[PDB]
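The block underneath contains the structure these notes are about, expressed in structure tokens.
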Number of protein chains: 2
Amino acid sequence: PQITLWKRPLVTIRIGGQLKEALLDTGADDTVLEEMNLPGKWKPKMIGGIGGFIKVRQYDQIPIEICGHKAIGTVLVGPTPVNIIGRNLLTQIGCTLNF
Amino acid sequence: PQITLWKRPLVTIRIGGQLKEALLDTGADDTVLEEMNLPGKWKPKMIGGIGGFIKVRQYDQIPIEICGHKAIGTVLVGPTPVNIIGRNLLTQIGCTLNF
Ligand SMILES: CCC(CC)CN(C[C@@H](O)[C@H](Cc1ccccc1)NC(=O)O[C@H]1CO[C@H]2OCC[C@H]21)S(=O)(=O)c1ccc(CO)cc1
């Protein structure tokens, strides 16, 4: 579909047994999700934006369904105020910017 | 244009006769530029990002040409990690997300 930007580009995503609302975010290199206890190996990382940094856990090869489109890749999990679908997964679902 | 997302969507903007590089950021409500001088009245404001809150100077009705498309709107100046074009101006230049 086409998503205008009059409002936040929030869409429904699924990660296992959790449905969440997440921003389609061209400003984010990688996907960052709100705190959740995912299975598997991870590694610590610090990511920065307006206000400074937060600490996150990097999980790899996590499948996420984004508006019914399948994706699989890196997911950073930590105390973000909003779920953020970053470019690493936006490319996988065929997302472009157009004007 | 159509802009894919395998690389950061960085574009050249013209503001006050200066060329700068800025990131098209659909996860940003607001346009935020790194410290610079702009003429006219401004208002102190605060905004929050992934890492907390910062103080910015709010300038209204600033022209920016974004990849050759004209916008006139609110520009916040302050300690963002990188110049970002947010939805307030993305809407003005007709930017949508498509997948
Ligand atoms: C470095 C470029 C961006 C910061 C400038 C990166 N951010 C994505 C950005 O879209 C966030 C996404 C975002 C959205 C809401 C809350 C926190 C973070 N938006 C944001 O800070 O927008 C601010 C300007 O407009 C306001 O309206 C929304 C908050 C204000 S980020 O969230 O900090 C971020 C995301 C992922 C990574 C890992 O690659 C690193 C940083």
Side-chain angles (χ1 to χ4, degrees), chain A residues 1-11 13 21-34 45-56 65-71 73 76-99, chain B residues 1-6 8-11 13 22-35 46-56 65-69 71 73 76-99:
Chain A
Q2 175 169 99
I3 297 173
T4 57
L5 297 168
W6 290 118
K7 62 177 185 313
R8 293 187 176 202
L10 291 167
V11 301
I13 71 171
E21 298 292 300
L23 291 170
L24 304 174
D25 194 350
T26 62
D29 296 352
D30 284 301
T31 294
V32 194
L33 304 181
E34 297 163 349
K45 192 178 216 215
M46 281 268 277
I47 63 172
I50 281 158
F53 283 75
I54 61 167
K55 184 171 174 204
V56 296
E65 298 68 52
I66 304 164
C67 292
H69 290 74
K70 297 181 180 59
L76 303 178
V77 174
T80 174
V82 297
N83 292 303
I84 295 171
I85 303 299
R87 289 184 302 100
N88 73 304
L89 305 185
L90 294 175
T91 57
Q92 299 190 351
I93 70 176
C95 194
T96 59
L97 280 167
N98 303 78
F99 60 105
Chain B
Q2 170 155 267
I3 301 177
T4 64
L5 295 170
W6 284 281
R8 289 174 180 167
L10 292 163
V11 301
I13 69 180
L23 183 71
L24 301 181
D25 187 350
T26 60
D29 304 344
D30 306 313
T31 295
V32 192
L33 304 183
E34 296 186 285
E35 172 58 35
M46 294 175 65
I47 60 166
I50 209 177
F53 280 69
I54 62 169
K55 296 166 73 186
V56 296
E65 267 163 29
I66 300 166
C67 186
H69 289 252
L76 310 183
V77 173
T80 175
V82 71
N83 294 326
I84 61 178
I85 310 304
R87 294 187 297 97
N88 72 305
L89 306 186
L90 296 175
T91 57
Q92 293 197 14
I93 69 173
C95 192
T96 60
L97 286 164
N98 296 276
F99 66 98

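Sequence lines set the chain letters: A, B, ... in the order given, protein chains first and strands last, and positions in each chain run from 1. Quick note: numbers below take in every heavy atom, side chains included, and nothing from hydrogens, waters or symmetry partners.
- Between B:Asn98 and A:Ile3 there is no side-chain heavy-atom pair separated by less than 4.5 Å.
- The side-chain heavy atoms of A:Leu90 and B:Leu97, taken from C-beta on, include no pair separated by under 4.5 Å.
- Between B:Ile50 and A:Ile50 the shortest side-chain heavy-atom distance does not fall below 4.5 Å.
- Note that CG of B:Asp25 is 9.5 Å distant from CG of A:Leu23, once rounded to the nearest 0.5 Å.
- Only the side chain of A:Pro81 has a heavy atom closer than 4.5 Å to any heavy atom of chain B.
- The shortest distance between side-chain heavy atoms of A:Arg87 and B:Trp6 does not fall below 4.5 Å.
- For a residue to count as touching a neighbouring chain, one of its non-hydrogen atoms must lie under 4.5 Å from one of that chain's; by this rule A:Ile54 touches chain B with the side chain only.
- Contact count against chain B (heavy-atom pairs under 4.5 Å) is highest for A:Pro1 among A:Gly52, A:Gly27, A:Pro1.
- With a 4.5 Å cut-off on non-hydrogen atoms, A:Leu24 touches chain B through its backbone and its side chain both.
- Comparing B:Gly49, B:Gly48, B:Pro79, B:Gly78 by heavy-atom pairs within less than 4.5 Å of chain A, the highest count is held by B:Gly49.
- Not a single donor-acceptor pair under 3.5 Å links the side chain of A:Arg8 to the backbone N or O of B:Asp29.
- When heavy atoms are compared at a cutoff of 4.5 Å, B:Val82 does not approach chain A at all.
- Counting only distance, with no hydrogens or angles, the side chain of A:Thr96 and the backbone of B:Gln2 share no donor-acceptor pair below 3.5 Å.
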